[PDB]
Number of protein chains: 2
Amino acid sequence: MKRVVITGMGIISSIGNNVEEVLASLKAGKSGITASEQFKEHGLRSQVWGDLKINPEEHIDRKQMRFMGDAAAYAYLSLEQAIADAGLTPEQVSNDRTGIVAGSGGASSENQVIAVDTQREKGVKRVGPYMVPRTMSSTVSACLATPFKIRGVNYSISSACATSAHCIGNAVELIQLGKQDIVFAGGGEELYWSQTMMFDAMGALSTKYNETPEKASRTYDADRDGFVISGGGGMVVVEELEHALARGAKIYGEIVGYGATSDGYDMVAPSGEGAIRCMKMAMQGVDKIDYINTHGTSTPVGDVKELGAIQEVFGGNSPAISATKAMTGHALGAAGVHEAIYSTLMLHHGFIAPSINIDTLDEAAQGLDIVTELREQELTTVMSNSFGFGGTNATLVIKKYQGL
Amino acid sequence: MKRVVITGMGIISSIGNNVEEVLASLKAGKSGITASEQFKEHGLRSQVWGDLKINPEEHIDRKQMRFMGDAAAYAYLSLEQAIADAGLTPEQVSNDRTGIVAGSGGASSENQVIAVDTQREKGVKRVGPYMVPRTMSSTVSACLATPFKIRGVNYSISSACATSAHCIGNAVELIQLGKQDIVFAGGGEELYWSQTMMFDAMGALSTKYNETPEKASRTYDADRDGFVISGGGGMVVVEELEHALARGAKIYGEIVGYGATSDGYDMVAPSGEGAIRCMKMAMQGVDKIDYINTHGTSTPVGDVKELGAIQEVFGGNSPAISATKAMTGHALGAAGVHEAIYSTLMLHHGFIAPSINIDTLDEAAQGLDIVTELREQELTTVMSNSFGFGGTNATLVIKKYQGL
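Here the residue numbering is sequential from 1 along each chain as its sequence is written and may not follow the entry numbering; residues with no coordinates are omitted from view. For naming, the first written chain is A and the first written ligand is 1, with later ones following in the order written. Only heavy atoms go into the side-chain values, all of them from the structure, while hydrogens and water stay out. Residues with missing side-chain atoms are left out of burial classes, side-chain pairs and their counts.

Looking at the method and resolution fields of the entry, one finds X-ray crystallography and 2.0100 Å.

Draft legend 1. Focus on the overall build of chain A. The helix count covers DSSP runs of H or I at least four residues long, the strand count covers runs of E at least two residues long, and both are numbered beginning at the N terminus. Each helix and strand in chain A was counted, giving 15 helices and 15 strands. Values of the radius of gyration come from C-alpha atoms, whereas the globule rule sets the reference at 2.2 Å times the count of residues to the power 0.38. Taking 22 Å as the expected radius of gyration for a compact globule of 404 residues, we find that chain A reaches 20 Å, a close match to that expectation. Oriented by its inertia axes, the alpha-carbon framework of chain A measures out at about 65 × 55 × 40 Å. Counted over contacts in chain A with a minimum sequence separation of 6, partners at least 24 positions apart contribute 78%. Any two residues whose heavy atoms approach within 4.5 Å at even a single point are treated as in contact.

Draft legend 2. Geometry of the interface of chain A and chain B. Contacts between the two partners involve 76 residues from chain A and, on the opposite side, 75 residues from chain B. As used here, buried area is the combined drop in accessible area, with a 1.4 Å probe, of two parts when they are placed together. Between chain A and chain B, the buried area comes to about 6000 Å², and carbon and sulfur atoms account for 60% of it. The largest share of the area that chain A buries against chain B comes from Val124, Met198 and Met267 of chain A, three residues that together contribute 11% of it. Here, a salt bridge means any side-chain nitrogen of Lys or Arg that lies within 4 Å of a carboxyl oxygen of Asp or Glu. Applying the counting rule to chain A against chain B returns eight salt bridges.

Draft legend 3. Focus on the relation of the copies chain A and chain B. Only C-alpha atoms enter the least-squares fit that superposes the copies. Laying chain A over chain B is done by rotating through 179 degrees and shifting 0.0 Å along the axis; what remains is an RMSD of 0.4 Å. The transformation relating the two chain copies, once decomposed into turn and shift, fits a two-fold axis. By C-alpha distance to the rotation axis, the residue of chain A lying nearest is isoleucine 157 of chain A, at 2.3 Å.

Draft legend 4. Highlighting the domain arrangement of chain A. Residues and elements named next belong to chain A. Domain borders in the structure are assigned automatically or taken from a domain database. Split by domain assignment, chain A resolves into domain 1 (6–257) and domain 2 (258–401). A separation of 20 Å is found between the C-alpha centroids of domain 1 and domain 2. Between domain 1 and domain 2, the contact holds 74 residues from the first and 69 residues from the second. Interface area for domain 1 against domain 2, summed over the two sides, is near 5400 Å², with a carbon-plus-sulfur share of 67%. It is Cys161, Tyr220 and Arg224 that lose the most area in domain 1 upon contact with domain 2, and together they represent 17% of the buried surface on that side.

Draft legend 5. Quick peek at the nonpolar core. Within the largest apolar cluster, 121 residues are counted, with the highest numbers of intra-cluster contacts made by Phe184 and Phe199 of chain A together with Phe184 of chain B. Beyond its immediate stretch of four places on either side in the chain, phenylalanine 184 of chain B contacts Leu79, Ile83, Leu88, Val93, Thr98, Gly99, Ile100, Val101, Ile150, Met235, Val236 and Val237 of chain B. We define a nonpolar core as any set of buried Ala, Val, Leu, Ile, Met, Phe, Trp, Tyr and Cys residues linked to one another through side-chain atoms lying within 4.5 Å. Each residue is assigned to one of three classes by its accessible area relative to the maximum for its type, calculated with a 1.4 Å probe on protein chains only: buried under 20%, partly exposed between the two thresholds, exposed over 50%. Among the nonpolar cores identified, the runner-up in size contains 99 residues, and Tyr252, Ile352 and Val371 of chain A together with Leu347 of chain B belong to it.

Draft legend 6. Summary view of the pairing of strand β14 (residues 381–388) of chain A. All names here are of chain A. Among the eight residues in β14, eight count as buried, and that is most of the element. Residues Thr381, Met383, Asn385 and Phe387 of β14 are buried on one face, and the alternating residues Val382, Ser384, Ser386 and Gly388, pointing to the opposite face, are buried as well. As paired strands, strand β9 (residues 291–293) and β14 are joined by three bridges and run parallel to one another. The partner of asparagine 293 across the bridge, within β14, is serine 384. Strand pairing is defined by DSSP finding a minimum of two bridges between the two strands. Note that β14 and strand β15 (residues 392–399) share eight bridges and pair antiparallel.

Draft legend 7. The arrangement of the pairing of strand β7 (residues 232–240) of chain A in detail. Residues and elements named next belong to chain A. Counted residue by residue, β7 has nine buried out of nine residues, so it is predominantly covered. Where burial is concerned, the two faces of β7 agree: the one with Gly232, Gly234, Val236, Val238 and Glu240 and the one with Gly233, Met235, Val237 and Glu239 are both buried. With eight bridges joining them, strand β1 (residues 4–12) and β7 adopt antiparallel strand pairing. Counterpart to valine 5 in the pairing with β7 is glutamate 239. Direction of pairing for strand β6 (residues 182–189) relative to β7: antiparallel, over a ladder of eight bridges. Pairing of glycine 188 across the sheet is with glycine 233, part of β7.

Draft legend 8. Quick look at the pattern of salt bridges. Scanning the entire structure with this criterion turns up 37 salt bridges over all chains. Ionic pairing is found between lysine 179 of chain B and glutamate 173 of chain A, a salt bridge with its closest N-O pair at 2.7 Å. Here the residue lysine 179 of chain B occupies a position in the loop between α10 (163–176) and β6 (182–189), and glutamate 173 of chain A occupies one in helix α9 (residues 163–176), the pair thus bridging two chains. Judged by relative accessible area, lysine 179 of chain B falls into the partly exposed class, the value being 29%. Overall, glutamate 173 of chain A belongs to the buried group, its relative accessible area being 5%. Its salt-bridge partner being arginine 218 of chain A, residue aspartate 359 of chain A comes within 3.2 Å of it at the nearest N-O pair. Residue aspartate 359 of chain A is found in the loop between β11 (351–352) and β12 (369–370), and its partner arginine 218 of chain A is found in the loop between α10 (193–201) and β7; the two are separated by 141 residues along the sequence. Judged by its relative accessible area of 5%, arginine 218 of chain A falls in the buried class. Look at the salt bridges and you will find they share partners, linking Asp96 and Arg151 of chain A together with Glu273 and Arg277 of chain B into a network.

Draft legend 9. Up close: the side chain of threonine 381 of chain B. Residues and elements named next belong to chain B. Along the polypeptide, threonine 381 turns up in strand β14 (residues 381–388). Residue class for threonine 381 comes out buried when judged on its relative accessible area of 1%. For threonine 381, the contacting residues outside a window of four places in its chain are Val286, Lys288, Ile289, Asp290, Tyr291, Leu347, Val397, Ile398 and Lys399.

Draft legend 10. Seen up close, the packing of aromatic side chains. Two rings from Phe, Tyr or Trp (for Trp, the six-membered ring) form a pair when their centres are within 6.5 Å of each other. A pair whose planes differ by under 30 degrees is stacked, one over 60 is edge-to-face, and the rest are tilted. Evaluated as defined, the whole model comprises twelve aromatic pairs over all chains. Geometrically, the ring pair formed by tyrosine 192 of chain B and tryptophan 193 of chain B is tilted, given 5.9 Å between the ring centres and 50 degrees between the ring planes. For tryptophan 193 of chain B, a relative accessible area of 2% corresponds to the buried category. Linked through ring pairs, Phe199, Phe227 and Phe389 of chain A together constitute an aromatic cluster. Ring-over charges, as used throughout, are those where CZ of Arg or NZ of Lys falls within 6 Å of the ring centre and within 35 degrees of the ring normal. Of note, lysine 27 of chain A hangs over the ring of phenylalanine 351 of chain A, and the distance from its end group to the ring centre comes to 5.5 Å.

Draft legend 11. Summary view of the packing of helix α6 (residues 109–122) of chain A against helix α7 (residues 109–122) of chain B. The contact between α6 of chain A and α7 of chain B brings their axes to 10 Å, and the two run at 75 degrees. For the element pair α6 of chain A / α7 of chain B, the angle class is roughly perpendicular. Counted together, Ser109, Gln112, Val113, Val116, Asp117 and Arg120 of chain A of α6 of chain A and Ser109, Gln112, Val113, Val116, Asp117 and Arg120 of chain B of α7 of chain B form the full contact between these two elements. Under the scheme applied here, ten amino acids are nonpolar (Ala, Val, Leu, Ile, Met, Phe, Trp, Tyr, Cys and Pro), four are charged (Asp, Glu, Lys and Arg), and all others, including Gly, are polar. A breakdown of the residues in the contact of α6 of chain A with α7 of chain B according to their chemical character gives four nonpolar, four polar and four charged. To get an axis, fit a line to the C-alpha atoms, keeping to the stretch in contact for a helix; angles then go from 0 to 180 degrees between the N-to-C directions. Between 65 and 115 degrees an angle is taken as roughly perpendicular, under 35 as roughly parallel, over 145 as roughly antiparallel, and anywhere else as oblique.

Draft legend 12. Structural view of helix α12 (residues 273–282) of chain A. The buried count for α12 of chain A comes to seven of ten residues, which makes it a mostly enclosed element. Taken as a whole, α12 of chain A has its buried residues at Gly274, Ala275, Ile276, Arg277, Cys278, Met279 and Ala282 of chain A.

Draft legend 13. Expanded view of the environment of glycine 336 of chain B. Residue and element names in this part refer to chain B. Looking at the secondary structure, you find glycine 336 in helix α16 (residues 335–349). A residue is classified by how much of its surface remains accessible, and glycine 336, at 2% relative accessible area, is buried. As a C-alpha pair, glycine 336 and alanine 24 span 312 residues in sequence and 20 Å in three-dimensional space. The residues contacting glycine 336, other than those within four sequence positions of it, are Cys161, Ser164, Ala165 and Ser386.

Draft legend 14. Looking closely at the side chain of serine 13 of chain B. Residue placement: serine 13 of chain B occurs in the loop between β1 (4–12) and α1 (19–28). Of the polar contacts made by the side chain of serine 13 of chain B, one reaches the side chain of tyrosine 342 of chain B; its length is 3.0 Å. Side-chain atoms alone can form a polar contact between residues adjacent in sequence; in general such a contact is a pair of N or O atoms within 3.5 Å, and within protein one must be able to donate a hydrogen while the other accepts it.

Below is the structure:
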């Protein structure tokens, strides 16, 4: 069966506008979380966010930007970064054997609001002709495929917080089936009050730390109280191994494992049992995991179910564990690819990022190695978990490529 | 490589609430299009729709319905039908080797409107806790996976008008990779003024036939003027052939071909060139395509590009062609699965449904066999095309299974 590698990466996240900024933040344990004036103005109880410190409309031509909400815009910038990082020629980017699988958890709640307000006040003719590509569920794939002249597969996968992890897993599968040699995979998520409001309405967000935003996201801490919403974009170049080697590609790592399962249990709370199956499926034929980047959103139930699953899968002398969401917040549709990137940077640069803001460690973490300080060491294999509403689970396992 | 068959079908469309009704409508060339008072009351120029003549709240319990917009609800009812058609008990339905791949072009524009209106008037605390599963891009997969206790793969694919065709294709791929034995595949779409309005704003919808709704959708007619919007749900049970045979399953057909390509050209208009590649990729060695169910939305440019592609693929030896959208309207995220089902019924029952409302045939169709009256005959192989915004193309090819 064909082997699959990561050959390029691009990112916009709360902790950096490109890989070099992200890498610096990960090593420092620097929070990307700030107070949100927007959320406060709209009367939301959660008033913190992992905001993106970039204005995409400054970096993209009107001809492309007219079709995009921020999810597509962040992903577009990420794809530009990844293509440059990969050293791909134009003939490789626009090629029958080169595709895109990239999605969003939402799409553009902001443009829905704008279009509806505009139509009610000013009439359908003043809405303009660009709202369908901004708001449709395939916005991220559609808005990138067209200007990058993608000729291979082109669609979005959605699965709430697992979205961009399944995008990467599907890419791997396309390559293993022999259908594509390269697939650009990832996702994007806009950050706007109207989407956030729906999570606030269900009680999912942190509300007790608005006065101290950098302390609000605190995975595994006894006083955690929900997630901090974020967004952004991420793209990785997923490529068949021989194709990568023949062109002298940079190889960050090999995707040696992909798990996708379903709990069949509750719409909002994880079962634990589905995650066990998902991890095990991703670990089939994998010798040893050095580090796990957990889904770890800073929720009371969620954090515990995942730790129980990890303990059951690994037993004693577990891998090192950290939740980068304590720094970044929850990037929703972009979380899977952000955390694959974070994990791959850890793999490539030889460090583990700290799990920050743990003042009192939950008892469910007993007998696990929760990393709370930067740890510099060679890693051979990493694992990243993503679990979404609807009981949907994705796990990716990435190993160093070492000439064998 | 593993062979894949269709063993169950379920559908809610403008031309029927189940397969028996839909079959009758196809044979009669019966329009599912009516006047929309809702669209008129909101000041839209297009005032016709392929509405769904069903009350989902009559048929779904509050416990499931609370999480659903109409896209999930129509898909849920379709899944119930397909499961019965396939003869499956809760044991095969809830199984590690049984999954779901099902999506929507939008998600729930309606619930976005409701949540925002409620929040502005009454505050976030009165919005209630169910809005994220209703509105998120994975609503269809998530709202079905939980109550049916799905344990295998669980995600949504999105690609605008191609959405549910890629869902089917991906299911086939999961089976070919050996990951699943059964995958429930399909899609859903709500029909609501706020979504429709965004298409009306870009000039895509039929506006000249509001007085005579059954004449508005008229693919290949010289006086066509845009599509008629619709929605609904569809699901198929996609199953590994040996698994189907071992349990004595009724088999409707074998999926012998799946194409997925991208134009890389224009966000809204098809290139023609992508569709050529897509058709050919789906023609996995087949002797002869007998019939093509075209994407055929009743637009001036779209109808012509597809015909030119068909001419490029087949030369002088064209299959019989019809556009069922002239009867049904354009079901968006549900169009792919609806038309796979229509095409499979034609294959299974031995007929070709007419392409209705052609008073003056476009000059681009000269020397093609456009079917305008019910044609009763044995078919061996059928093809269904779905092309979406963002230049995304899917084709499915389905062949009769007769013991070889």
